[PDB]
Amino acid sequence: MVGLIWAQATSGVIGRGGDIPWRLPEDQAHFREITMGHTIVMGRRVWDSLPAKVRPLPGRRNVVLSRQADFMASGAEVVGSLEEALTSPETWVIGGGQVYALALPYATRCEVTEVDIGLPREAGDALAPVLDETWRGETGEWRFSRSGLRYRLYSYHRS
């Protein structure tokens, strides 16, 4: 089982300038619930985007994909290919744009948070993968964040 988990603006943007272009701390508990106790896989840039105090993400085996055969990530497993990354029975891919696109064909679950923020795509942004008709989904109810942003959860699956 490979699952993907991300948060996106309605437009599809998930990343800009090396970070996430909104604040949504309400997202954190759901991300932990899905991922805790499991192997998580991320691209090298996503690892770089984690603050030092939070990386590796605790309670999860952190696996970092990089083409640098020598790359350095304390508390994480650096691998050079997605096949090497994917060895655990249940794996959650936690980004970024490159790695979601790489892992999508392997995935049978996505847990998506949609952020109701007006954020037109710009060139060079990180973007969420598009889910086609092979996926079936349930849409959750909108909630307001302490930031003022509405957000909602989708759970998608395909067998």
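Numbering starts at 1 and follows the sequence shown.
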Stretch exceeding the other in mean C-alpha B-factor - 53-61, 40-48: 53-61
Between the two ranges 109-117 and 65-73, the one averaging a larger CA B factor in the entry: 65-73
Residue 14, C-alpha B-factor rank within chain (lowest, middle or highest third): lowest
Chain thirds of CA B-factor: placement of residue 28: highest
Residue 2 - Cα temperature factor, lowest/middle/highest third of chain: middle
Where the record places residue 8 (Cα B-factor, split into thirds across the chain): lowest
